[PDB]
Amino acid sequence: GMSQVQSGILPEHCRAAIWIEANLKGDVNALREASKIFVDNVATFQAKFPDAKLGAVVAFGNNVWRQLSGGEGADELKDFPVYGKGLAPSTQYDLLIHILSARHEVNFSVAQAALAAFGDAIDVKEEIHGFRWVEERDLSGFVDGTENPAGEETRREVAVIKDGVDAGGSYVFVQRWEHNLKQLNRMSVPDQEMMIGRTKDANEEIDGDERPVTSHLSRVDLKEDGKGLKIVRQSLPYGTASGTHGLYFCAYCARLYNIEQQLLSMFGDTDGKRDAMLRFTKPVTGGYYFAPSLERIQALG
Ligand code: HEM
Ligand SMILES: [Mg+2]
């Protein structure tokens, strides 16, 4: 008489992921059977590829989740708003599929299964293939993940709703960034470090009173009476070397509040200052989704 978290929220150090963002084309009913088939497929792939350490998440946007849940729970869920009067654009869709594992080839089979399950009920808007880069660095050359919640216990505390109707569920935020590495390269390494808030090569934190308030760490390392507003990031680099490339940002949190506070900070809504990373990269998509517990996907009918 308890809830099980979907398999894709908690895994750490996965080398590869696939994110699919889509709109509902017909009657929302279509999503009930599809979602059950999809989590069943995931169980099948986990049985066939035990060494892939595969996980997946199916999450819903505000409008369709409100219909599927009958308005019960997910109290913080809302369409992704524009932040910074447009600095952060909004591309709220109806369905998010997040697949992550040690094997891209398995992720790809799982993605085809997802598409077969939902079929023509969805309009695919974005399909991004994430890959861990050398030393777990973002394409900018800075390590991404150092202060991310570590271990199943702490990641559950941060990401998974603890009781009531939503127990086992989580709020998800996705935002695709397009890096301009030419612009980044014009910056001296010390200027880059002051932009991030950590040294580039050795990845040492720069003290808060040494770095500008516009540094990334000064914008997102937030505390409320000493209590950090933590989130579980699953972001990964993506793209081609000669084409579009950047970071596919993805975060999970028991409370949408922690994510929103960091976005208001980054995009200038809190103190009128904005994140220094906007000097070389920009966000081009944005959405908020609710990841129900596995058993709630099983009580969809
Ligand atoms: C281009 C997009 C982004 C890049 C390249 C980026 C890069 C980084 C880097 C290099 C770090 C330091 C290492 C680490 O602790 O993980 C970091 C930390 C962090 N980022 Fe970002 N980030 C991006 C977007 C975002 C967004 C949109 C959010 C939240 C809405 C976010 C939240 C965080 C948090 C919470 C930390 C940990 C800070 C701490 O407690 O020290 N990041 N990011
Ligand atoms: Mg800190």
# chains A, B, ... in the order shown; residues from 1 in each chain; ligands from 1

call {"tool": "closest_atom_pairs", "arguments": {"of": "chain A", "to": "ligand 1", "cutoff": "6 Å", "atoms": "only C-alpha atoms and all ligand atoms", "output": "CSV"}}
result
residue,atom,partner,partner_atom_place_in_ligand_line,distance
A:138,CA,ligand 1,5 (C),5.8
A:142,CA,ligand 1,10 (C),4.9
A:143,CA,ligand 1,10 (C),5.2
A:144,CA,ligand 1,16 (O),4.1
A:145,CA,ligand 1,16 (O),3.2
A:146,CA,ligand 1,15 (O),3.9
A:147,CA,ligand 1,15 (O),3.7
A:148,CA,ligand 1,16 (O),5.7
A:177,CA,ligand 1,1 (C),5.4
A:217,CA,ligand 1,38 (C),5.2
A:220,CA,ligand 1,35 (C),5.1
A:221,CA,ligand 1,40 (O),4.3
A:247,CA,ligand 1,1 (C),5.6
A:259,CA,ligand 1,30 (C),5.4
A:262,CA,ligand 1,30 (C),5.0
A:263,CA,ligand 1,30 (C),5.0
A:281,CA,ligand 1,1 (C),5.9

call {"tool": "residues_around", "arguments": {"residues": "region 158-167 of chain A", "least_positions_apart": "3", "cutoff": "12 Å", "atoms": "only C-alpha atoms", "output": "PyMOL selection string"}}
result
chain A and resi 1-11+69+71-77+148-155+170-173+228-234+251-259+290-297

call {"tool": "atom_distance", "arguments": {"atom1": "CA of residue 244 (chain A)", "atom2": "CA of residue 128 (chain A)"}}
result
11.4 Å

call {"tool": "atom_distance", "arguments": {"atom1": "CA of residue 90 (chain A)", "atom2": "CA of residue 287 (chain A)"}}
result
6.5 Å

call {"tool": "closest_residue", "arguments": {"among": "A:70, A:283, A:226, A:268", "to": "ligand 2", "atoms": "only C-alpha atoms and all ligand atoms"}}
result
A:226

call {"tool": "closest_residue", "arguments": {"among": "A:194, A:102, A:206, A:57", "to": "ligand 2", "atoms": "only C-alpha atoms and all ligand atoms"}}
result
A:206

call {"tool": "atom_distance", "arguments": {"atom1": "CA of residue 112 (chain A)", "atom2": "CA of residue 246 (chain A)"}}
result
24.2 Å

call {"tool": "closest_residue", "arguments": {"among": "A:95, A:59, A:202, A:276", "to": "residue 121 (chain A)", "atoms": "only C-alpha atoms"}}
result
A:95

call {"tool": "select_by_dssp", "arguments": {"residues": "region 188-269 of chain A", "states": "helix (DSSP H, G or I)", "output": "ChimeraX atom specification"}}
result
/A:189-196,216-220,256-266

call {"tool": "select_by_dssp", "arguments": {"residues": "region 47-288 of chain A", "states": "strand (DSSP E or B)", "output": "PyMOL selection string"}}
result
chain A and resi 55-60+83+88+95-101+122-131+137+143+170-179+198+205+223-224+227-228+232-233+236-239+245-253+267+274+281-283+287-288

call {"tool": "closest_residue", "arguments": {"among": "A:130, A:208, A:301, A:237", "to": "ligand 2", "atoms": "only C-alpha atoms and all ligand atoms"}}
result
A:208

call {"tool": "decode", "arguments": {"residues": "region 231-255 of chain A", "atoms": "C-alpha atoms", "output": "mmCIF file, in the first residue's frame"}}
result
data_model
loop_
_atom_site.group_PDB
_atom_site.id
_atom_site.type_symbol
_atom_site.label_atom_id
_atom_site.label_comp_id
_atom_site.auth_asym_id
_atom_site.auth_seq_id
_atom_site.Cartn_x
_atom_site.Cartn_y
_atom_site.Cartn_z
ATOM 1 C CA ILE A 231 17.137 19.771 -7.548
ATOM 2 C CA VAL A 232 18.217 16.486 -9.262
ATOM 3 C CA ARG A 233 19.703 17.351 -12.669
ATOM 4 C CA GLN A 234 19.878 14.761 -15.555
ATOM 5 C CA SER A 235 21.164 17.268 -18.201
ATOM 6 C CA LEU A 236 23.463 16.109 -20.999
ATOM 7 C CA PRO A 237 25.309 17.603 -23.960
ATOM 8 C CA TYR A 238 23.830 17.071 -27.492
ATOM 9 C CA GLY A 239 24.257 18.022 -31.147
ATOM 10 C CA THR A 240 26.735 17.922 -34.034
ATOM 11 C CA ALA A 241 30.239 19.498 -34.082
ATOM 12 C CA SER A 242 29.418 21.568 -37.249
ATOM 13 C CA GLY A 243 25.700 22.185 -36.495
ATOM 14 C CA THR A 244 23.569 23.070 -33.491
ATOM 15 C CA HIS A 245 24.986 21.838 -30.133
ATOM 16 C CA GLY A 246 24.605 22.695 -26.457
ATOM 17 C CA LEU A 247 23.149 21.314 -23.228
ATOM 18 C CA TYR A 248 19.735 19.614 -22.952
ATOM 19 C CA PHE A 249 18.842 20.797 -19.403
ATOM 20 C CA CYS A 250 16.609 18.414 -17.406
ATOM 21 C CA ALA A 251 15.775 18.571 -13.663
ATOM 22 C CA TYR A 252 13.455 16.673 -11.219
ATOM 23 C CA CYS A 253 12.225 18.010 -7.848
ATOM 24 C CA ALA A 254 9.514 17.108 -5.281
ATOM 25 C CA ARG A 255 8.626 20.775 -5.414
#
